[PDB]
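Below you'll find the structure, written out as structure tokens, and then a few comments.
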């Protein structure tokens with residue numbers, strides 16, 4: 001029995017692993033196309049897939065208009081990644097305001113006084129910062145630009161947030177893989193990817209300062225610390241963005257991937273089979289999530305989701 005899904009590259013490393021493990025355990029096949037959140041929303045609204053995947057949650061008004069249900073799948077994090085010589089992953093430090101100024105093109109050199117001051121003892125080149133951003137409609141760009149809007153008033157007014165924004169500069173890469181590839185190809189570059197892409201490529205991601213003023217390294221622990229303040233119980237359709245999370249251990253660009261399905265499917269058998277996969281992922285696929293440095297959904301959230309499936313589908 002075969003289900004089809006498409007969307008967010010943010011969750012693709014996890015969906016791929018779950019699909020292989022779910023097949024071993026049940027004999028069922030899950031097919032997933034990594035095409036970005038914009039692509040995911042478009043394909044599910046076109047009815048070409050059984051599920052769409054996006055890291056930008058849709059609001060209740062949009063879900064009602066489209067006849068869709070929405071639920072989280074797993075929590076991850078967006079991380080700034082760099083191509084700098086002699087920098088270990090996590091070593092480079094940026095505040096949210098400084099990261100905003102870099103992506104705005106206000107801070108254009110690696111030896112800019114703010115970068116040097118935040119990184120004592122780090123050797124920085126006297127070269128241009130080469131920006132890399134997503135070219136496609138992206139949930140990773142949504143969570144990144146959403147975070148930047150909260151910590152940079154100039155970013156909020158000039159660029160704002162969304163699956164696509166008007167980037168002041170840089171090159172555009174397709175998908176998280178395309179941003180990773182461009183960062184590897186260009187010396188002195190800076191991009192943003194979901195943590196699993198920095199880890200599989202052995203790329204230097206940066207530390208970021210959280211709203212509590214602590215220097216944080218992106219990992220399942222810091223993502224979980226950010227997720228700990230999420231009020232999922234009071235969210236409608238799980239519409240909640242968890243960037244700039246409070247508290248001492250939170251990674252400031254923590255994000256949730258969401259799955260989208262039709263509340264009244266034309267194929268009841270395939271829709272039931274889709275929910276069969278997601279129930280397995282949330283109940284039996286937590287080790288796989290932790291292994292890839294995602295945060296598996298906690299039990300109360302899984303209960304809320306299963307109740308949502310019951311009432312909406």
Can you compute the FRET efficiency between residue 28 and residue 291 using 1/(1 + (r/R0)^6), with r the Cβ-Cβ distance and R0 = 22 Å? Round to the nearest 0.05.
0.55
By the gyration tensor of its Cα atoms, with a ≥ b ≥ c the square roots of the eigenvalues, what is the shape of the range 78-226: rounded for a/c under 1.5, prolate for a/b over b/c, or oblate?
rounded
Three-way shape call for the range 1-95 based on the alpha-carbon gyration tensor, with the a/c threshold at 1.5:
oblate
Which residues does a label at residue 48 reach in the range 143-182, if reach means a backbone N under 20 Å from a point 7 Å past the Cα toward the Cβ?
163-164, 174-178
Averaging sequence separations of C-alpha pairs under 8 Å and six or more residues apart, then dividing by the length of the chain, give the relative contact order as a whole percent.
27
Can you work out the PRE-style zone for residue 215? Point 7 Å along Cα to Cβ, and I want the residues of the range 102-145 with backbone N under 12 Å.
117-122
Could I have the simple spin-label model distance between residue 62 and residue 268, label points 7 Å from Cα toward Cβ, reported in nm to one decimal?
3.1
Folded to 0 to 90 degrees: helix 175-185 orientation relative to the chain principal axis, Cα:
30
Please give the FRET efficiency for residue 312 paired with residue 16, using the beta carbon to beta carbon distance and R0 = 35 Å, rounded to the nearest 0.05.
0.85
Percent of Cα-Cα distances greater than 38 Å, calculated over the chain
12
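Backbone-built Cβ (ideal geometry, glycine too); neighbour counts: all protein chains shown. Only the coordinates and a few stated rules stand behind these numbers; no lab work does.
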